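Labels for the chains are A, B, C, D, E and F, by order of writing; each one numbers its residues from 1.
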Amino acid sequence: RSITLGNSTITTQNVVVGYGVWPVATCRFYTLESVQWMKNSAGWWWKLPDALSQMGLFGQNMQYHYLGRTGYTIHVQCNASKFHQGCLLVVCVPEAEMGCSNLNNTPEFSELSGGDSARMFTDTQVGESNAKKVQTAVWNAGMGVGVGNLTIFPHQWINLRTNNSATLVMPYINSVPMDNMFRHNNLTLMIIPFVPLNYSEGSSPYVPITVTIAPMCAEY
Amino acid sequence: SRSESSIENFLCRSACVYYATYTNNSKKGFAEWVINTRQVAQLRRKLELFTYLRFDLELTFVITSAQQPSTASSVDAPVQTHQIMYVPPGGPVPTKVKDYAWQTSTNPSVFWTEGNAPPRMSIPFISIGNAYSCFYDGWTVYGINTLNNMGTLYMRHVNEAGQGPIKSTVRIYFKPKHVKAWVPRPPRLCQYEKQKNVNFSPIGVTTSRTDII
Amino acid sequence: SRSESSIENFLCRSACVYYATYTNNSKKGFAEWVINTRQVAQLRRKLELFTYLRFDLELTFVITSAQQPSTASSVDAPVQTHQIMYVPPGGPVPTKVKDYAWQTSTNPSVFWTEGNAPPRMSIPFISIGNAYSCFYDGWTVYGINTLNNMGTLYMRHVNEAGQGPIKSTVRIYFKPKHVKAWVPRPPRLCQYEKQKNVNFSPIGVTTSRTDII
Amino acid sequence: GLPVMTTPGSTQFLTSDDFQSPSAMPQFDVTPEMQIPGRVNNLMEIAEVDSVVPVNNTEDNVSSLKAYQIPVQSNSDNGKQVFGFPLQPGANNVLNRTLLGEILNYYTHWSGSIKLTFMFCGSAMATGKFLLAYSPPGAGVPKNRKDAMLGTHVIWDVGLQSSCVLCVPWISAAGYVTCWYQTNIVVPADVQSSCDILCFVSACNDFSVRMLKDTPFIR
Amino acid sequence: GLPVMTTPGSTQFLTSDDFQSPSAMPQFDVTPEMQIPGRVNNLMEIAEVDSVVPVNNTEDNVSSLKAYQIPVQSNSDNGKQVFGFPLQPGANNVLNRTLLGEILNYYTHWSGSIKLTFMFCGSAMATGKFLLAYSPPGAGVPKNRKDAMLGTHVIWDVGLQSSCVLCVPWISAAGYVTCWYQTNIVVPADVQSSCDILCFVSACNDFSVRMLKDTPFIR
Amino acid sequence: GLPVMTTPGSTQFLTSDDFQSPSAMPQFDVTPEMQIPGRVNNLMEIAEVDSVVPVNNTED
């Protein structure tokens, strides 16, 4: 409980690590601004070494020093009372090559990754003739794959009945041992709600979800 | 029984990945193919289950000929020979049937007469990186990854037509050897649309039934 | 990675150094080539980096045929054979398709029918001196050095035409083996002009830019 | 010189042969290996992990996330079938497109067991009881709560634990995995009543596949 | 007799093969070896020696010996760029036709370091100071004397030594090797003021080349 | 390379020959054996048992 790194403190109390393996002012718990989980929500996703770069001194290390090796750990916790119900899925997919809505092009940069701001899924299709937009129908999960089979990646179920939080540890997964970080995004954190959030009248109508990222052993 | 489900026994197969025709007299008759796994649909699904692969390569070519309709006067031709040139990534590329790029030095090529065994050749794993990447979330244009470029192939006759043209076909086969896989993926559900990228149309999850019970 | 920069892996390659046609009936149809490295421009630059070389030699020939336009009456011909004669430095030299110099004794020659493997032969290092010299400041005429004379090649059919002529081509390949080099040289900058000598036109040092900064 | 004799089947090209080959590019100095995590040595390591089962197809929830959810509410009738699905292999059953089913369509004969893990993702206060009756092959589908209790089953409680595990053999009617209301779902005031239920599938022990073929999930 | 079976790829001619061969002239008694000085076992022994760099191209000094000379004179302004050149590989930079560059155009991927040795071939009395600022890739070219001092550099004096050594990594913007006036060149009377400067390039450690190709410096 | 010499009777197909062969389906993992009663190792084990003789043919 109350682990600290640099000049930040996060208080916790289970962990699921990578594929079995384990991974100077940059070692601090960055915290993206929390999103709101409503009834009619579909899901959110962040590209991992892009959401850190636009804001942190880790990103100040990025603009001086392009090429690097990093190893992440991710805390995700949502606080809700005993009267809410619903189930999440926290998964961290490597090399998420998403597909465009228009059949002949590829999506542009600002649609694949908001700088430390959560891009959101939807539960319909999207238009095709408009611009370079990410095909974001949720049941195909953006990669043309069945969303039920997504648990082959390292994942952790958040279920508000018993569990409350989820901690992941991801090692460095790349082919080249040293690649430029500005044109490449190797990890992708996805949060999809399967059982939608339901509550009675009188309780608060949304549950906040906070995402805490902390890089460990960044080599340059 | 489990040895039929190993990764080596799952991919060490063969498939007719290309089929092209070229004639000898039409001044642009030469076949051309870039090596990529994403040509045939049935092999692409079996290789997109994993993300990082690393395999050697073994190619065989079956070549046959066919007499085009000539004019007259009892055409007799001797046996043909075929030249199959292979270009590494970052080399010269021909553009006509007679160019400098065929008589170059560092492009390995075979010569094969008809009526013999088909000409097997074998290419080792060529990359600056450590493994091929069947998926790449990043720019080089989006999702190209110019590191895993395996090279091209080129074919032509080494004869000049005397009284009748001859067209010829070629069926390039394909066989990975000593495969190692890494970080598996869920199998692709939606149909394939374009060869170069991963685009798709949204589709349902499973063929329906009438109700829950 | 350094084994790709050794001298053995730098020169042990192949190149189509000659390409000649000869027909069987025209009374002077026979191909002729003197062995010298200075034929093709791209190999000459790779061998003029050193001064004194010493290598064995390995030649392969790819031969194909083509039916010339005959008169009529359903020409049928059996398989052809080709004779490839090699003359050492200081031997007899033919001048017609039928001469005494083909049926001589101390000139080694091969015989090769079509439809088989191409006829590789291998020549060892033949010189009175200890090493070949790709540069020679001295007279024998200036800059010739008659010591490093490697010999010639000659080709012809061993058949007589019955109802239709046949012309044939040949692409002589070339491959040094067990190379040792000595006293390196700076790489030649100006373009090549004549095959026999080292003449050149003066040219600038480097493609320019706009200013110093 | 040395005498040989060419046996039949000499200059042929077998499609699934095994011979050596001349290398196209010698003296290349190939790039060495690198320790990359998550190596797969056999395809049964894919089939060991879990996946969610689209047990709620019903012709219009297929193109949504309502295919994976089973509706459970406090009804007015005691004794009712929550869900149920056959185990007929291949012929458009519900276990086809899941992660276990996509591997096993690359083979012709297989046998093994199945872990069916359920998970009640409802409220934190509501309790209740459920039956999970597996009907063996040869026997019929039960049409009542009572006769399903006579067959092999397991009573699953909500207030104690939130996940029950049911194991079942599977082999290329043939069985049913029906689930029945034991009691109604009592829930305190100021809590919603309708709760959902997920479903998971993985291989219990190792399967045994043989005689590979190509998949029918393509054009 | 003995049974064989011809594998595919039998009667083919691979261009880069490796087999034995029949000798054309046996019983020749080949001329034996001789100890000749200066044997080359690897091409990196060519790239180790130095060469002069044509850093003064300027469109009309190319066909003369003024391409290798950098003009340095006692100007009236304090703080001025003497020279500067990018390190963009291959695309008509100044390190292309030198002895290091002519070998490395026979390959596709390479990496190593570079010794840049300067030499002030001016008078014997005149002194002065120079900066040698290397800008790392990713950072911009410095447009002042002052910010180049903040980057990595080395101040080089003339009166003490006549040659400074600057080492720099090089790999297939991408960097600059600019040089700046620190002070003016004070020179006593009855000596000329304009002095020149040479430039040398060699490989510091061993390079690492791979995947040979042919050169583009030909027709 | 290595020198050979093709003896006569080289590219022929003898009907009752004996040579090896390439397998059509490698990596199959063939079904193993099973102890099944009544194995015949030679045809004279058929001829050892008795049979009834039609010694009363007489055309009808």
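Of note:
To be clear about the criterion, a contact is a pair of C-beta atoms (placed from the backbone, for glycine too) under 8 Å apart; a residue touches a chain by one contact, two chains touch by 3 or more.
Where touching is counted per the definition, the chains common to subunit C and subunit E are B, D. Minimum number of contact steps separating subunit B from subunit E: 1. The greatest centre-to-centre gap from subunit F, using C-alpha centroids, is found for E.
When the contact pairs of C-E are matched by residue number against B-E, B-D or C-D, more than half turn up again in B-D.
Distances from each chain's CA mean to the overall CA mean are smallest for chain B. Centre-to-centre separation between subunit D and subunit F, using Cα means, comes to 45 Å. The mean-CA centres of subunit B and subunit D are about 36 angstrom from one another, to the nearest whole unit. Here the spacing of subunit C and subunit D, counted between their Cα centres, is 68 Å. Averaged C-alpha coordinates put the centre of subunit E at 76 Å from the centre of subunit F. Residues of subunit F found to touch two or more other chains are 4, 7, 19-20, 28-29. Of all residues in subunit A, those touching 2 or more other chains are 19, 139, 146-149, 152, 173, 175, 177, listed in ascending order. Counting partners per residue, subunit C has 1, 4, 9, 13-14, 42, 62, 116, 118 as the residues that reach two or more other chains. Subunit E makes touch with subunit D in their complex at residues 1-10, 14, 16-18, 210-211.
Taken together, the subunit B residues at the contact with subunit C in this complex read 73-81, 102-106, 111, 113, 115, 158-163.
The residues of subunit F lying in touch with subunit E in their complex are 1, 4, 7, 19-20. Within the complex, the subunit F residues that touch subunit D are 2-7, 9-13, 17, 19-22, 24-26, 28-29.
On the side of subunit C, the complex with subunit E involves touching residues 1-2, 4-7, 9-10, 13-14, 41-42, 45, 49-50, 52, 58, 60, 62, 86, 88, 108, 116-118, 120-131, 173, 180-184, 186-187, 189, 191, 202-213.
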